[PDB]
């Protein structure tokens, strides 16, 4: 379970984006600043998948995971009330500052992403949506002697409710076993996100057509090596088609530090 929010406590403001089956808005919680994830009109299947995500996030506590205030369930409306994170999604930032993000900064982001993912591994919980967009910058770490500070977002509508078409869109982040749930899928996610971070918010296959994406996974191909050997080995280990072959986050965090 998750905390219930009455429609009278939440105010909608600026549209920020569009998630899988959702529309992201800025909002107020009665007045604290929040983000409202408004689920589109849906079957009970999708509403339940949205609840599992709120629940996963509601029963966790880590310094590098966004907080969930609860869910507001009305007539045809489901709104996840979540933490507003100052500088927004990392992928957008990495594109804005393309060619000007040092290796040291990216490395911190990776340690923080893996610290957050080691905690869900030990509690045998699956995030299932690791990508640049779901990494939020609480602190930019642009000034000397200041490091970036991340906050991994809620995974949105759970993978179990998405269609093949929607799963194909999640490539290169989607684990190949997930194309047709284990914690090993977040190892593929962490891996494809390392690549996205190295290539300054430009993930491999991102421009490719759904068929070209689907074919790459069907033909069992592998993603490019990054432009920094500081992560080249770690990525090859994570981005293996064999789930059992992927390193544990305990191992990853060791391989980083």
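Positions refer to the first chain, counted from 1. In this text, rigid core is short for the largest set of C-alphas that superpose within 1.5 Å between two forms.
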{"query": "Core-aligned Cα RMS comparison in 8 other deposited structures of this protein - stretch that moves more, 126-134 or 75-83", "finding": "75-83"}
{"query": "Coordinates lacking for residue 181, a third or more of other entries", "finding": "yes"}
{"query": "Sequence continuity check, residue 180 and residue 181 (deposited residues unmodelled)", "finding": "4 to 9"}
{"query": "Count class of coordinate-free deposited residues lying between the neighbours residue 30 and residue 31", "finding": "10 or more"}
{"query": "Between the two ranges 83-91 and 141-149, the one averaging a larger CA B factor in the entry", "finding": "141-149"}
{"query": "Stretch with the higher entry mean CA B-factor, where the candidates are 37-45 and 53-61", "finding": "53-61"}
{"query": "From 109, 120, 174, 157, residue of greatest CA B-factor", "finding": "120"}
{"query": "Chain third (lowest, middle, highest) by recorded CA B-factor, residue given as residue 240", "finding": "middle"}
{"query": "Record-listed C-alpha B factor of residue 214: chain third", "finding": "highest"}
{"query": "Chain third (lowest, middle, highest) by recorded CA B-factor, residue given as residue 101", "finding": "lowest"}
{"query": "Third of chain Cα B-factors occupied by residue 124", "finding": "highest"}
{"query": "Residue 164 - Cα temperature factor, lowest/middle/highest third of chain", "finding": "middle"}
